[PDB]
Amino acid sequence: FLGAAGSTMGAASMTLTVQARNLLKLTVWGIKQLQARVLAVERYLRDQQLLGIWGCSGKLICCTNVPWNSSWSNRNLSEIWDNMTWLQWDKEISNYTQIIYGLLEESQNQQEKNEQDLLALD
Amino acid sequence: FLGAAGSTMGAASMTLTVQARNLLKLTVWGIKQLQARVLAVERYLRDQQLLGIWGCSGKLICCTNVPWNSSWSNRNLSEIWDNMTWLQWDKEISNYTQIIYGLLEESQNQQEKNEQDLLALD
Amino acid sequence: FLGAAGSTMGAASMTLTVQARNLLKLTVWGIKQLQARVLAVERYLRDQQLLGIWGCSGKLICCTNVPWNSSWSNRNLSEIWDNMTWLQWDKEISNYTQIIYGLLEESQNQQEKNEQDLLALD
Amino acid sequence: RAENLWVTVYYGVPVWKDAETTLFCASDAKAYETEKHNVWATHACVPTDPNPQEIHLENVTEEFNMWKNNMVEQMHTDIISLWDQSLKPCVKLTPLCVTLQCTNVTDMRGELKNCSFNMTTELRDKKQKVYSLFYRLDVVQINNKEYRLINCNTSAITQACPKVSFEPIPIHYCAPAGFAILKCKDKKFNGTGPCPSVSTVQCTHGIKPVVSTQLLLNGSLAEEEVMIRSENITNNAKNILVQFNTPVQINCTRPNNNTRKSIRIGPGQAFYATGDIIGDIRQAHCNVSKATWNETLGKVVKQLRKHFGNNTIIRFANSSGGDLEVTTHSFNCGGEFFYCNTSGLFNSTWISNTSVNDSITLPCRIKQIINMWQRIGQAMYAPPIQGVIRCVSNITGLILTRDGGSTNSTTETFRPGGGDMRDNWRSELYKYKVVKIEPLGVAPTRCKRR
Amino acid sequence: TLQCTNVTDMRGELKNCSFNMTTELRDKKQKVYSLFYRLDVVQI
Amino acid sequence: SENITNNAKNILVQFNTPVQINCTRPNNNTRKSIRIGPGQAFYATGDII
Ligand SMILES: *[C@@H]1O[C@H](CO)[C@@H](O[C@@H]2O[C@H](CO)[C@@H](O[C@@H]3O[C@H](CO[C@H]4O[C@H](CO[C@H]5O[C@H](CO)[C@@H](O)[C@H](O)[C@@H]5O)[C@@H](O)[C@H](O[C@H]5O[C@H](CO)[C@@H](O)[C@H](O)[C@@H]5O)[C@@H]4O)[C@@H](O)[C@H](O[C@H]4O[C@H](CO)[C@@H](O)[C@H](O)[C@@H]4O[C@H]4O[C@H](CO)[C@@H](O)[C@H](O)[C@@H]4O[C@H]4O[C@H](CO)[C@@H](O)[C@H](O)[C@@H]4O)[C@@H]3O)[C@H](O)[C@H]2NC(C)=O)[C@H](O)[C@H]1NC(C)=O
Ligand SMILES: *[C@@H]1O[C@H](CO)[C@@H](O[C@@H]2O[C@H](CO)[C@@H](O[C@@H]3O[C@H](CO[C@H]4O[C@H](CO[C@H]5O[C@H](CO)[C@@H](O)[C@H](O)[C@@H]5O)[C@@H](O)[C@H](O[C@H]5O[C@H](CO)[C@@H](O)[C@H](O)[C@@H]5O)[C@@H]4O)[C@@H](O)[C@H](O[C@H]4O[C@H](CO)[C@@H](O)[C@H](O)[C@@H]4O[C@H]4O[C@H](CO)[C@@H](O)[C@H](O)[C@@H]4O[C@H]4O[C@H](CO)[C@@H](O)[C@H](O)[C@@H]4O)[C@@H]3O)[C@H](O)[C@H]2NC(C)=O)[C@H](O)[C@H]1NC(C)=O
Ligand SMILES: *[C@@H]1O[C@H](CO)[C@@H](O[C@@H]2O[C@H](CO)[C@@H](O[C@@H]3O[C@H](CO[C@H]4O[C@H](CO)[C@@H](O)[C@H](O)[C@@H]4O)[C@@H](O)[C@H](O[C@H]4O[C@H](CO)[C@@H](O)[C@H](O)[C@@H]4O[C@H]4O[C@H](CO)[C@@H](O)[C@H](O)[C@@H]4O[C@H]4O[C@H](CO)[C@@H](O)[C@H](O)[C@@H]4O)[C@@H]3O)[C@H](O)[C@H]2NC(C)=O)[C@H](O)[C@H]1NC(C)=O
Ligand SMILES: *[C@@H]1O[C@H](CO)[C@@H](O[C@@H]2O[C@H](CO)[C@@H](O[C@@H]3O[C@H](CO)[C@@H](O)[C@H](O[C@H]4O[C@H](CO)[C@@H](O)[C@H](O)[C@@H]4O[C@H]4O[C@H](CO)[C@@H](O)[C@H](O)[C@@H]4O)[C@@H]3O)[C@H](O)[C@H]2NC(C)=O)[C@H](O)[C@H]1NC(C)=O
Ligand SMILES: *[C@@H]1O[C@H](CO)[C@@H](O[C@@H]2O[C@H](CO)[C@@H](O[C@@H]3O[C@H](CO)[C@@H](O)[C@H](O)[C@@H]3O)[C@H](O)[C@H]2NC(C)=O)[C@H](O)[C@H]1NC(C)=O
Ligand SMILES: *[C@@H]1O[C@H](CO)[C@@H](O[C@@H]2O[C@H](CO)[C@@H](O[C@@H]3O[C@H](CO)[C@@H](O)[C@H](O)[C@@H]3O)[C@H](O)[C@H]2NC(C)=O)[C@H](O)[C@H]1NC(C)=O
Ligand SMILES: *[C@@H]1O[C@H](CO)[C@@H](O[C@@H]2O[C@H](CO)[C@@H](O)[C@H](O)[C@H]2NC(C)=O)[C@H](O)[C@H]1NC(C)=O
Ligand SMILES: *[C@@H]1O[C@H](CO)[C@@H](O[C@@H]2O[C@H](CO)[C@@H](O)[C@H](O)[C@H]2NC(C)=O)[C@H](O)[C@H]1NC(C)=O
Ligand SMILES: *[C@@H]1O[C@H](CO)[C@@H](O[C@@H]2O[C@H](CO)[C@@H](O)[C@H](O)[C@H]2NC(C)=O)[C@H](O)[C@H]1NC(C)=O
Ligand SMILES: *[C@@H]1O[C@H](CO)[C@@H](O[C@@H]2O[C@H](CO)[C@@H](O)[C@H](O)[C@H]2NC(C)=O)[C@H](O)[C@H]1NC(C)=O
Ligand SMILES: *[C@@H]1O[C@H](CO)[C@@H](O)[C@H](O)[C@H]1NC(C)=O
Ligand SMILES: *[C@@H]1O[C@H](CO)[C@@H](O)[C@H](O)[C@H]1NC(C)=O
Ligand SMILES: *[C@@H]1O[C@H](CO)[C@@H](O)[C@H](O)[C@H]1NC(C)=O
Ligand SMILES: *[C@@H]1O[C@H](CO)[C@@H](O)[C@H](O)[C@H]1NC(C)=O
Ligand SMILES: *[C@@H]1O[C@H](CO)[C@@H](O)[C@H](O)[C@H]1NC(C)=O
Ligand SMILES: *[C@@H]1O[C@H](CO)[C@@H](O)[C@H](O)[C@H]1NC(C)=O
């Protein structure tokens, strides 16, 4: 549970699974114990819809056909996983994050499924 | 966003992706801004459950082993995608819609997964 | 709808699909017709999250790479499906149920997806 | 076996069906900075998207009916439900039914009554001898001159909080996920028939819930020619809604400079009594410029002849009779409720294209205790306002009725309508209707599956 | 306070009661009578 | 019965044929509908006719 947040990204891939999951008749305080958990399931499905519409369709790790641009954190591979940490990593990509998101839904699952439909005809 | 509703079904397949997605302590009006969005997530999951139990298991476009019956809108293929529109299309299928739904859940994912289990043994 | 609960597990696999699915401004009784259906969708998603994180990612039937331990209900195959019923079956596995659950999420989708990522590189 | 295609599921196909859902409000997220302790609707009211989206649907024709529109009914019940939620936390005036000893104010036949009465203090022992000032419309005598509250025999009464204001603020109606709102972009639309150019929006335009009678105030202007709308036109039982081209300047003031007593009926509660009037001794009045009202009339009277025939005599006249809400122009300015005599404006007789000074005026009456929407069991007391109230609004439309006496082939006379407030909301909602989107669709294609 | 009396047989099960009551106005009371069953009232 | 031999527990009975029962109020009454306002009205029991 978050244990590798201080550790490197390379070590942080092992514990990845633990992070996935951890009368009621009252007039008042019933809305206080409700409003919190309702936005929680709203925030939950918000992430999951993105996971489906992208090239994942499944949880944990999944890959895609989107090529990694050099202009996006030009780096050494061992300088990423072995020498660097996630909080420190998300910091630089902060500018290109919205750009990458577009490539997954548009360039892939929009253009991939249609590509698949054309490859499924023959 | 709905832009091809007037256009033909053939042109309407390109913009398909855009259609997928667009204090709180009050005693009153809090139920007015709540009841609307709760049935929304109920209506949302109602469509998604159908997508899973059918031969899709994924969003946007997906195919199936259900053969198209001639008795269901007997047509020319170019008379469908190239010459016709979706509102105009759903109009005729209105009678066979409930019939087709049965073929996806029953004839496929009920008979397919079991077929798959028997093909996965060897 | 539950019709095979008295029947053997072997006969119970045919009807499996039927089991999957069956003003609002009031100050009171509105919470009575609400609290019931909200925990329902909470209980619903509780089962579905388990289905994804395991080796299923789909509904109805799905298989896994987890080997069946002899110590867990050591039996004859025809003594299970042909001669025995589900209520009677879940009774014995009651002790090993929590053990099996661990093998699906840990031994598989944690170790499988990573295994897959390494097999997807080459 | 027999070829060729196979069924395939498409998600998000452009298919919708006419339906009804529960709509919420939107305040533009500025109304919240306007503060003044929850003005009108907006409290937790949803902030409007800074960039509303309007998508024009090409090659589309959709049929609209504004009288069958369901958005009107929700808004009508909303304002009503909104009204009660405002009066619940406020101070209830229940022990104001005490006998009222009244006398004639020091001109214009004593419209105001100076009333002396006994009242309960913070303590439950001694009463309180105090006087107040009520309009003739708020009291009724019972048999010196002895009076009583006018609402006491009919129902109960509660005072509106001085903190909140009745100031109408723009409210955008939006639809939840899976639904859509259609907008008619044609310049000339009467609310019925097919619409050539249709666009969709998440939120309707800025709509100010201005409650008024015989005059649409602060509304939306029409395009080009002025518009004429009626549910059933040849039927004289149905009101005729009019939409103006150019807005009409109207002034309504309270030429009485007043003071608040703020008497203490504790513990903790304080009532705001109307003190003495310091200023012009006058009755409330409403101004309309003679040139501007006439020009509109001339343009409007020509539009009625697109139905009632090229040549005919159209005469205008004031209200026939009924409740005060029906017979006068009713609205709210500065918190006070004016009832204006529109009889001066509606006195005219027109020729085929024409009709046979620098200003005009309209006598207005003030009533603090009101039951609108025919509500029984709840009467609201409008609290007094310090100083003189002055307000300027646009007159954007009317509520009109046609006489039943016919002589149909001779001449026709029109009079100001009233009653239903849905027509007021139908004035802004004519171009919108609610549909639910049906995303799921099936189409035949060759891909099959492995 | 309820001032009651015996109804005009079967030992007077019903009581005719006179009492003071508050009107719409908070000034004058109201002298009115009602009819209650013996089970709804108790003497003091 | 919950506990039959126990005399402290009630015994519930279910009939075969329904039993016709008539209960009437052989007093033809009137409503005073006195006014205890503002807005409230109490319904008093008038004389029995
Ligand atoms: C919106 O508002 C508008 C207006 O603001 C509303 O419009 C109103 O709509 C109603 C309809 O609900 C109209 O009433 C109907 O009128 C028709 C037509 O009447 C006119 O024409 C008749 C014939 O004219 C032709 O013949 C003469 C002779 O040759 C010729 O000179 C002429 O040029 C033309 O060629 C006239 O007879 C009639 O006059 C009579 O009625 C006048 C109006 O009351 C009256 O002033 C006259 O003095 C005279 O008495 C008039 O000029 C009527 O046909 C119709 O009558 C049906 O309905 C009534 C109930 O209202 C019912 O009692 C009748 O029996 C009749 O029902 C018959 O027809 C039905 C449909 O076919 C059928 O189902 C019935 O079973 C029944 O038929 C039975 O009997 C016949 C024999 O009687 C038999 O053969 C059949 O087999 C069967 O057994 C209505 O009265 C209004 O006129 C109209 N308003 C105005 C101002 O015009 C609109 O409704 C509103 N809508 C909404 C949604 O809000
Ligand atoms: C639903 O409702 C029903 C009824 O409506 C309820 O039913 C009631 O249930 C209770 C149980 O909670 C009954 O009370 C118990 O009764 C038993 C049996 O008593 C009868 O039989 C005894 C022996 O009979 C045999 O021997 C004779 C001689 O040979 C022979 O002739 C005969 O035919 C038969 O073969 C009699 O001794 C006894 O008579 C005595 O009691 C009568 C009732 O009070 C009284 O009228 C007599 O005058 C006489 O005094 C009777 O006929 C009792 O054995 C049992 O006693 C236990 O519980 C009490 C507390 O109530 C406790 O004080 C006792 O010490 C005793 O507990 C011993 O046994 C426990 C279980 O083994 C053990 O754990 C204890 O540690 C303790 O044992 C210790 O002491 C012994 C030596 O004393 C020692 O050897 C051990 O090692 C250990 O140290 C209860 O009194 C009711 O009778 C019954 N109702 C009726 C009407 O019968 C039911 O409860 C309800 N249920 C629900 C869910 O609602
Ligand atoms: C249809 O739409 C139209 C247009 O949208 C609506 O017209 C609106 O009417 C509103 C009133 O209902 C009006 O609100 C007014 O805004 C004025 C301008 O505010 C701006 O300027 C001031 C500086 O002057 C800034 O500080 C402020 O932040 C704003 O930027 C205010 O001046 C108005 O306040 C005065 O009027 C209201 C009643 O209208 C009084 O209740 C209020 O108390 C004020 O009256 C005092 O002040 C004036 C001088 O300013 C004196 O002449 C007067 O006698 C009062 O003085 C006594 O009373 C005060 C306490 O009340 C006391 O301190 C003082 O010492 C004296 O004793 C008011 O806030 C909108 O501006 C106006 N719209 C537009 C565009 O102008 C119309 O209502 C709509 N129709 C319907 C049916 O709703
Ligand atoms: C409802 O009320 C509203 C608001 O009161 C009314 O709308 C206003 O109407 C008035 C008059 O119709 C109008 O006032 C004029 O506005 C002009 C600008 O648009 C001003 O320039 C003009 O001021 C001159 O005249 C005044 C009176 O004669 C002088 O006191 C003033 O100093 C001005 O004189 C100067 O200019 C001349 C040259 O023109 C120069 O020689 C002089 O030296 C001096 O410099 C008027 O005040 C308002 O503008 C209107 N307001 C709005 C918002 O439109 C409406 O008419 C009322 N309706 C009814 C039915 O009564
Ligand atoms: C009612 O509407 C009519 C228009 O239908 C108004 O008539 C207007 O009257 C003024 C004069 O008071 C006209 O101005 C005149 O202009 C001419 C041409 O520049 C000039 O020669 C004159 O000396 C005078 O300035 C005005 O043109 C005329 N309107 C039209 C459209 O011609 C009438 O004013 C309105 N009612 C009232 C209150 O006057
Ligand atoms: C309907 O409107 C018309 C038009 O305003 C009203 O006519 C007006 O009648 C008054 C009389 O009460 C006229 O006053 C007169 O003015 C003339 C000219 O100064 C003077 O000679 C007279 O002695 C008298 O003072 C007024 O001028 C006249 N309006 C016009 C424009 O001429 C009519 O009264 C209205 N009808 C009703 C029922 O309200
Ligand atoms: C009455 O109508 C006038 C004119 O249509 C409104 O004033 C306009 O306000 C808009 C706001 O963006 C400006 O762009 C226009 O320039 C104004 N008109 C003129 C002639 O300058 C006025 O706001 C309307 N009344 C109310 C209460 O809003
Ligand atoms: C309304 O009537 C009251 C009396 O009931 C007036 O108050 C009196 O005003 C005179 C001034 O002429 C004082 O001498 C008295 O002491 C006042 N009496 C009370 C009880 O206040 C009041 O002035 C009248 N209306 C107004 C203010 O003009
Ligand atoms: C509204 O305006 C009309 C028109 O001025 C008023 O009608 C007057 O009524 C009085 C009687 O109350 C008559 O003596 C006058 O002759 C009428 N005037 C005209 C021009 O005919 C009317 O009184 C006004 N207000 C109300 C409440 O009716
Ligand atoms: C119950 O008692 C009341 C009096 O407290 C009766 O009302 C009186 O009836 C007589 C008729 O004999 C009238 O003359 C009186 O004027 C009535 N007085 C009042 C205050 O109503 C009443 O009749 C008795 N019960 C009934 C109705 O039988
Ligand atoms: C890249 O990583 C290798 C590790 O094998 C290291 O030797 C090399 O110096 C690195 N170069 C840069 C530019 O980071
Ligand atoms: C601990 O984290 C810091 C920053 O996240 C990083 O620089 C450092 O290398 C990490 N230590 C180890 C032993 O990985
Ligand atoms: C079917 O489509 C073809 C298009 O190549 C057209 O030539 C033919 O006439 C069509 N036939 C029918 C029966 O629609
Ligand atoms: C196992 O099942 C077979 C059925 O073919 C049966 O003949 C055999 O006796 C069974 N053995 C045991 C140990 O259950
Ligand atoms: C019915 O169920 C019982 C227990 O669930 C089982 O022992 C029995 O074999 C079943 N009957 C049939 C015919 O399968
Ligand atoms: C526009 O839509 C109509 C009906 O939906 C259709 O008949 C027509 O062919 C469409 N126009 C084009 C250019 O596709």
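As a convention, Cβ positions derive from the backbone with ideal geometry for all residues, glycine included, and neighbour counts pool all protein chains shown. No lab work stands behind these numbers, since they all come straight from the coordinates.
Got a sec? Which of D:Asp107, D:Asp78, D:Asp84 is among the charged types (D, E, K, R), surrounded by 16 or more Cβ atoms within 10 Å (Cβ to Cβ) and either part of a loop (DSSP other than H, G, I, E, B) or within 13 Å of chain B (Cβ to nearest Cβ) (or both)?
The match here is D:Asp78.
Among the numbered criteria (1) within 12 Å of chain C (Cβ to nearest Cβ); (2) under 25 Å from A:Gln108 (Cβ atoms); (3) among the charged types (D, E, K, R), which single criterion is violated by A:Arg43?
Just one mismatch for A:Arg43, condition (1).
Report, ordered by the first and then the second residue, all pairs with beta carbons closer than 8 Å, sequence separation of six or more or different chains, a first member in segment F:7-28 that is closer than 30 Å to F:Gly46 by Cβ, and a second member that is not in a loop (DSSP other than H, G, I, E, B).
Every condition considered, no pair remains.
Please identify the pairs in which a residue from segment A:71-90 that is within 14 Å of chain C (Cβ to nearest Cβ) and closer than 15 Å to A:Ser7 by Cβ has its Cβ atom under 7 Å from the Cβ atom of a residue that is more than 8 Å from ligand 12 (Cβ to nearest atom) and part of a loop (DSSP other than H, G, I, E, B), counting only partners at least 6 apart or on another chain.
Once the first residue is within 14 Å of chain C (Cβ to nearest Cβ) and closer than 15 Å to A:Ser7 by Cβ and sits in segment A:71-90, its partners that are more than 8 Å from ligand 12 (Cβ to nearest atom) and part of a loop (DSSP other than H, G, I, E, B) give A:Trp81/A:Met9; A:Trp81/A:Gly10.
Within segment D:108-143, can you find the residues that are more than 33 Å from the chain's Cα centre (by Cα) and under 28 Å from D:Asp280 (Cα atoms)?
D:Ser116, D:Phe117, D:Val130, D:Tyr131 - these are the residues of segment D:108-143 that are more than 33 Å from the chain's Cα centre (by Cα) and under 28 Å from D:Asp280 (Cα atoms).
Over 26 Å from D:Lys367 (Cβ atoms), of a type outside the set (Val, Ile, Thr) and either away from ligand 13 (no atom under 16 Å from the Cβ) or part of a loop (DSSP other than H, G, I, E, B) (or both), is that true of D:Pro267?
In short, yes.
Can you tell me which condition A:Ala40 does not meet? The list is (1) exposed (fewer than 12 other Cβ atoms within 10 Å of the Cβ); (2) more than 30 Å from C:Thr27 (Cα to Cα), and all the others hold.
(2) is the only condition that A:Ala40 fails.
Results for (1) more than 16 Å from ligand 3 (Cβ to nearest atom); (2) hydrophobic (A, V, I, L, M, F, W, C); (3) more than 30 Å from B:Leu87 (Cα to Cα); (4) not in a strand (DSSP E or B), shown as yes or no for each residue.
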site: D:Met372; (1), (2), (3), (4): no, yes, yes, yes
site: D:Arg375; (1), (2), (3), (4): yes, no, yes, yes
site: D:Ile385; (1), (2), (3), (4): no, yes, yes, yes
site: D:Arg390; (1), (2), (3), (4): no, no, yes, no
site: D:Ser393; (1), (2), (3), (4): no, no, yes, no
site: D:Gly404; (1), (2), (3), (4): yes, no, yes, yes
site: D:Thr407; (1), (2), (3), (4): yes, no, yes, yes
site: D:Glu412; (1), (2), (3), (4): yes, no, yes, no
site: D:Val434; (1), (2), (3), (4): yes, yes, no, no
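Let me spell it out: the conditions are (1) surrounded by 15 or more Cβ atoms within 10 Å (Cβ to Cβ); (2) of a type in the set (D, E, K, R); (3) away from chain F (no Cβ under 14 Å), and D:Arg148 meets all of them except one. Which number is the exception?
In the conditions (1) surrounded by 15 or more Cβ atoms within 10 Å (Cβ to Cβ); (2) of a type in the set (D, E, K, R); (3) away from chain F (no Cβ under 14 Å), D:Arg148 misses (3) alone.
Just to be sure I understand the filter: pairs with C-beta atoms under 7 Å, separated by 6 or more residues or on different chains, first member in segment D:394-405 and surrounded by fewer than 19 Cβ atoms within 10 Å (Cβ to Cβ), second member among the hydroxyl-bearing types (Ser, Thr, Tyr) and in a strand (DSSP E or B). Which pairs pass?
D:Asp403/D:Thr413
Going through segment A:90-107 one residue at a time, which ones are farther than 14 Å from A:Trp68 by Cβ and either of a type outside the set (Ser, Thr, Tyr) or surrounded by 12 or more Cβ atoms within 10 Å (Cβ to Cβ) (or both)?
Hits for segment A:90-107 are A:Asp90, A:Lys91, A:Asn95, A:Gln98, A:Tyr101, A:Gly102, A:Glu105, A:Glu106.
Please go through segment B:91-122 and pick out each residue that is assigned to a loop (DSSP other than H, G, I, E, B) and either within 7 Å of another protein chain (Cβ to nearest Cβ) or in contact with a helix residue (DSSP H, G or I) (Cβ under 6 Å, 6 or more places away or on another chain) (or both).
Listed by number, the list holds a single entry, B:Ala120.
Test of understanding: among D:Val392, D:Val388, which residue is away from every other protein chain (no Cβ under 14 Å), more than 18 Å from D:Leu215 (Cβ to Cβ) and more than 16 Å from ligand 10 (Cβ to nearest atom)?
D:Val388
Would you pick out the residues in segment D:200-213 that are assigned to a loop (DSSP other than H, G, I, E, B) and more than 10 Å from the chain's Cα centre (by Cα)?
D:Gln202, D:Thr204, D:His205, D:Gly206, D:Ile207, listed by residue number.
I need every pair where a residue in segment A:8-22 that is more than 10 Å from every other protein chain (Cβ to nearest Cβ) has its Cβ under 7 Å from the Cβ of a residue that is of a type in the set (D, E, K, R) and more than 16 Å from ligand 3 (Cβ to nearest atom), sequence separation at least 6 or different chains.
So the pair list comes out as A:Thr8/A:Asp82; A:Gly10/A:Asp82.
Within segment B:47-70, how many residues are of a type outside the set (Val, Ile, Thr), within 8 Å of chain D (Cβ to nearest Cβ) and either within 16 Å of ligand 12 (Cβ to nearest atom) or touching a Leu at 6+ places or on another chain (Cβ under 9 Å) (or both)?
The total comes to 11.
Name the residues in segment D:326-356 that are part of a loop (DSSP other than H, G, I, E, B) and within 16 Å of ligand 7 (Cβ to nearest atom), would you?
Across segment D:326-356, the qualifying residue is only D:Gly334.
Can you pull out the residues in segment D:340-359 that are surrounded by 15 or more Cβ atoms within 10 Å (Cβ to Cβ) and either within 16 Å of ligand 16 (Cβ to nearest atom) or farther than 15 Å from D:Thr328 by Cβ (or both)?
Those that are surrounded by 15 or more Cβ atoms within 10 Å (Cβ to Cβ) and either within 16 Å of ligand 16 (Cβ to nearest atom) or farther than 15 Å from D:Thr328 by Cβ (or both): D:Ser348, D:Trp350.
Could you check segment D:20-59 and list, in sequence order, the residues that are more than 7 Å from chain B (Cβ to nearest Cβ) and more than 26 Å from the chain's Cα centre (by Cα)?
Hits for segment D:20-59 are D:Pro50, D:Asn51, D:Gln53, D:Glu54, D:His56.
Yes or no, residue by residue, for (1) outside any loop (DSSP other than H, G, I, E, B); (2) more than 16 Å from ligand 13 (Cβ to nearest atom); (3) surrounded by fewer than 15 Cβ atoms within 10 Å (Cβ to Cβ):
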position	(1), (2), (3)
A:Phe1	no, yes, yes
A:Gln19	yes, yes, yes
A:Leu24	no, yes, yes
A:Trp29	no, yes, yes
A:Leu60	no, yes, no
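Among the residues of segment D:156-215, write down those that are more than 18 Å from D:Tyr430 (Cβ to Cβ) and either of a type in the set (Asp, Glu) or within 14 Å of chain F (Cβ to nearest Cβ) (or both).
Result: D:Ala156, D:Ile157, D:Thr158, D:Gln159, D:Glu167.
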